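Take a look at this single chain in structure tokens; it is the form deposited in one PDB entry.
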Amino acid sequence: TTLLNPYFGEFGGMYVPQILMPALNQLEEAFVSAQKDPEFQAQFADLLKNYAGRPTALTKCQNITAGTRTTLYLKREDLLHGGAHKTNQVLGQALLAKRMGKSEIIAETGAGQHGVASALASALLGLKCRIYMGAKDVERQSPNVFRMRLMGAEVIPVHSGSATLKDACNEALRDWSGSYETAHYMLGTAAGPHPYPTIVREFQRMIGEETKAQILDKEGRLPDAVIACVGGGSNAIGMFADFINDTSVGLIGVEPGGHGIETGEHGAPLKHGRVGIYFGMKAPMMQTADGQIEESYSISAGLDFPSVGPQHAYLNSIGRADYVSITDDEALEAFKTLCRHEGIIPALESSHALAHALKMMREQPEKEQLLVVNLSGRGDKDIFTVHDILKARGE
């Protein structure tokens, strides 16, 4: 028995070994209790406001849209403490851990952003944090590893399997199955077994709530569409949640197309993968024909989770949300465009969302449309990546 529905249509569930069920059931009951507790809500709101800097701005981009009938606003998650939206949910999850009497946090990380987010929340809230990161990722993400260690987190390199994100996830879950009485597993996206897709959405939903209020204040009506990149699904579901019932508002999720869908080198499982069961859930994933789990490829390492949150798969299935993809080259062009024309350096993750809005505008420049892009993070972290590409091909 669960308190809440673990599925979104056919997708989701709790496909974990039997021994991990009590941890998931404990978490779910703690969450349900927390959600009804005005003191928990007040404490979470207080951290978001006075520590993380909520509400975040909603910035109009007239320099980009000039001469078209597009109006473009960026939801400025790049201005959140830590430089990406991940901070919102790690703070709620850390509060949940304290609610349950846990004194330790376990987290996984691929590109290091969730690792840093978990570490900063743990440092603030006095939790002992240990982070599993694939040894190959540890090597290609030294700035993020040193941030984690500065913040008092223990960073544990994982050598098992392919020494990347999947292996980190597995090691985190293994640890948790033996330590859940004193440790909380701080999963970094709106995916994995129930209750994590639900929890992470609820702890990100202020993105869309604020966006709604701000767009109503500034324009007097809802957006025609809100657009967000999709790696695992957290920033997109946070933007989308409050608009789901506003049936005239388009929900566009943007997966990484990498070098191009046709090349096979992409990270677009929702639209170009196949449903499997892994990561504790039933969802579209990147996998071989005989069912071995594969990798997602993107210029942006933050978009490389090889599946997708089950609520996204469900929202696509019923036609409520539409999913598209953007290539590396398109994302790079959006990155350069925002730097040059608005003085904002976007994360390469976020640049995928922006690239698709640019496409919406440029393809039909006399179409009246009011767009919000979720600018999920800032791109200081990506400047050497972008520099080296722009160098490699002349410039």
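For clarity, a rigid core is taken as the largest C-alpha set superposing within 1.5 Å between two forms. Numbers follow the displayed sequence, beginning with 1.
Just so it is clear, the following notes concern the form deposited in another entry, a form of the same protein that is not shown.
Here the rigid core is superposed between the shown form and the other one, and of 187, 168, 239, 283 the C-alpha of 168 is the only one to shift by 2 Å or more. Superposed on the core, the two forms differ at residue 155: its CA moves 2 Å or more between the shown form and the other one. The rigid-core alignment places the CA of residue 263 less than 2 Å apart between the shown form and the other one. Superposition of the core reveals a Cα shift of 2 Å or more for residue 133 between the shown form and the other one.
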